[PDB]
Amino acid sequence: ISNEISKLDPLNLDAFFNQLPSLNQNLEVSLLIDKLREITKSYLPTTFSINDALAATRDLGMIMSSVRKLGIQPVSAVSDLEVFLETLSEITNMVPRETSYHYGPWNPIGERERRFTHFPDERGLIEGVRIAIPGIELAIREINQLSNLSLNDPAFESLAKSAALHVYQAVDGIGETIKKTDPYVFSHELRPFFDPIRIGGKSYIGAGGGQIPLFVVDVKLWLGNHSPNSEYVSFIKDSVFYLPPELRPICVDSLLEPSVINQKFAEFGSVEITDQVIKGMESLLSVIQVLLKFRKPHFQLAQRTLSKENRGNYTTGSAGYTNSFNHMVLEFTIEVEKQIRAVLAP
């Protein structure tokens, strides 16, 4: 629950985070490192509650990401971080690194907001995931209920409508990014804060738009267990254990089970096609069209950011993929809209 994490400052870093964008702007790597050492000596993370460790992972993660921006592996330099992060990871049962959950919904609104830089373009990513994530999560719960409901039941269509409504939040989030974040300023000023960090022999990618649980929607709604060697399934496979634990069993189940649409494709061609059954199948295509209204503008944005003109020193997002990945997720989704449009043609 996000409001009880956002209000916490378990490492007393609030004043520091008002200095951070200037610290980062003047490349003051010594205050960064001095703060990491101070933390591993001023706090026994073992005594933390779950909410405390989640907010600590947010704050420590961003200081760590700021050191890695300059090119220094932060745990390699402050060796005592490794057991500190170990202990945080045990309490949270999440990666010893911040994700878009800590960057968005668990990031406080207003004066306490944790930001890497003074550029207003940064706000376009934070607001983007802070809006997207709550609505996808609600859609996730509602979409899971469609499996155990008949197309002919109005309850099916009302759940799918509520889910398409909640997914629109991700549209609102990506529209907020498109208006606030300059593709050039992002690549040159923001992107280098989301680079991999080596912690205990493993490398943990930085925060990413792709960490919003939208892929969980995908897996349950249309991907399921039908594209076993996809590159999309490998990304999801790599994402499962970055998600909060609450979401992992849904995602694992859905990867191992036929999708809602694939089953509802079957029930449709095997039952008395009533008027409610078509409304029900039309509410599935509504959800998918809401996904398209997100992926289409998202694609253009990453395309402008990664053009020769604006890409700066990168050719990939923080998860290591080019725009080819988004093109592939978008075509998957487009093709799903074509299959439903076909089932519905009469």
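So that there is no doubt, residue numbering starts at 1 and follows the sequence shown.
* Asked: Taking only the CA atoms, which stretch has the higher mean B-factor in the record, 53-61 or 36-44?
  -> The recorded data point to 36-44.
* Of 256-264 and 119-127, which one has the bigger average CA B-factor? -> 256-264 has the higher mean C-alpha B-factor.
* **Candidate set 220, 248, 97, 114 [ranked by C-alpha B-factor, highest]** => Reading the PDB entry, the winner on C-alpha B-factor is 220.
* Asked: Looking at 26, 30, 307, 66, which has the highest CA B-factor as recorded?
  -> Comparing C-alpha B-factors across 26, 30, 307, 66, the maximum falls on 307.
* Is the Cα B-factor recorded for residue 135 in the lowest, middle or highest third of its chain? -> Ranked within chain, residue 135 CA B lands in the lowest tercile.
* **Third of the chain, ranked by Cα B-factor, where residue 216 sits** => Middle third.
* Compare the C-alpha B factor of residue 311 with those of the other modelled residues in its chain, then answer lowest, middle or highest third. => It belongs to the middle third of the chain when residues are ordered by C-alpha B-factor.
* Compare the C-alpha B factor of residue 180 with those of the other modelled residues in its chain, then answer lowest, middle or highest third. => Lowest third of the chain for residue 180's C-alpha B-factor.
* For residue 238, return the chain-relative third of its C-alpha B-factor as stated in the PDB record: lowest, middle or highest. => According to the entry, residue 238 has a C-alpha B-factor in the chain's lowest third.
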